[PDB]
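First comes the structure, then the notes that go with it.
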Amino acid sequence: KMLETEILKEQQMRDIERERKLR
Amino acid sequence: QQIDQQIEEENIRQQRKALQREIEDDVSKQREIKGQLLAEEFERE
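Protein sequence lines correspond, in order, to chains L and 7. Read in order, the letters of the first sequence are residues 915 to 937 in the deposited numbering. Read in order, the letters of the second sequence are residues 889 to 902, 907 to 937 in the deposited numbering.
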């Protein structure tokens with residue numbers, strides 16, 4: 915459970931990273 | 889790999909400007925040539 919959590923949350927960093935690359 | 893290429897997509901969005913510079917050459921040449929030609933028209937009277 916915590917691994918699926920940490921992963922699903924972690925992936926949203928990757929989407930913020932996308933926002934960061936757009937800047 | 890997608891980020892690597894997400895960056896390349898922007899790298900490609902980043907030729908038109910050189911054509912724009914050329915657009916200004918086109919403009920300058922014709923504008924000044926009209927003046928050069930009128931000066932010629934008088935010289936040629």
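No residue lacks a Cβ here, since even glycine has one placed at the ideal position from N, Cα and C.
For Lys909 (chain 7), the three-state secondary structure derived from DSSP is helix. At a cut-off of 8 Å, the C-beta of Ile900 (chain 7) has no neighbouring C-beta in chain L. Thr919 (chain L) and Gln925 (chain L) have their C-alpha atoms some 10 Å from each other. When C-beta distances to chain 7 are compared with 9 Å, the residues of the region 925–936 of chain L below that value are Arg928, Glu931, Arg932, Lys935 and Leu936, in chain order.
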